[PDB]
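Student: Same order as they appear, the protein sequences are chains 3 and 2. Under PDB author numbering, residues 438 to 485 are what the first sequence spells out, in order. Under PDB author numbering, residues 2 to 49 are what the second sequence spells out, in order. All C-beta atoms, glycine included, are put in the ideal place defined by N, C-alpha and C.
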Amino acid sequence: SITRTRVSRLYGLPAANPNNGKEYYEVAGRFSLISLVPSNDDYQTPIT
Amino acid sequence: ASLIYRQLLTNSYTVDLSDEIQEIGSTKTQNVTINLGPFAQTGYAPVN
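(1) Give the single residue among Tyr45 (chain 2), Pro47 (chain 2), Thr28 (chain 2), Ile35 (chain 2) whose Cα lies nearest to the Cα of residue 421 (chain 3).
(2) Counting only Cβ pairs nearer than 8 angstroms, list the residues of chain 2 close to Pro475 (chain 3).
(3) Identify the contact partners of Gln31 (chain 2) in chain 3, using a Cβ-Cβ distance below 9 angstroms as the criterion.
(4) Taking the CB atoms as reference points, tell me whether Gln481 (chain 3) and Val48 (chain 2) lie closer together than 8 angstroms.
(5) Might you give, ordered along the chain, the residues of its own chain that have their beta carbon closer than 7 angstroms to the beta carbon of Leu4 (chain 2), omitting 5 neighbours on each side?
(6) Who are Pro47 (chain 2)'s beta bridge partners in DSSP?
(7) Beta-carbon of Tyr480 (chain 3) versus every beta-carbon of chain 2: anything under 8 angstroms?
(8) In this structure, how does DSSP classify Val474 (chain 3) when only helix, strand and coil are distinguished?
(9) Give me whichever residues DSSP pairs with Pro483 (chain 3) in a beta bridge.
Here is the structure:
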């Protein structure tokens with residue numbers, strides 16, 4: 438809410454100060470990436 | 002006149018040297034290991 442005004446008790450995060458002093462919002466976790474890549478399985482090399 | 006045969010067989014060791022000489026100027030063509038086998042059939046994931 439903004440003081441000295443009738444606009445109050447609204448839910449959300451206004452763009453005035455989303456940082457709230459905090460220098461960074463952190464979220465940690467795991468991430469799994471099933472991808473396709475270039476591997477010959479050490480099977481494209483010279484014979485010798 | 003049989004000596005020719007006896008010499009042709011006797012001096013045949015020098016053949017090796019000649020081959021080496023003929024291999025001196027010969028170009029080299031070295032092969033690499035080649036994949037074969039049960040290559041699994043992989044395709045795109047269900048895409049919409």
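Tutor: A quick look at the data gives this:
(1) This structure leaves residue 421 (chain 3) out entirely; chain 3 is present only between 438 and 485.
(2) Within 8 angstroms Cβ-Cβ: nothing; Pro475 (chain 3) doesn't reach chain 2, min ~13 angstroms.
(3) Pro483, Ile484, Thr485
(4) no
(5) none
(6) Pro47 (chain 2) pairs with nothing; no bridge assigned.
(7) yes
(8) coil
(9) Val33 (chain 2)
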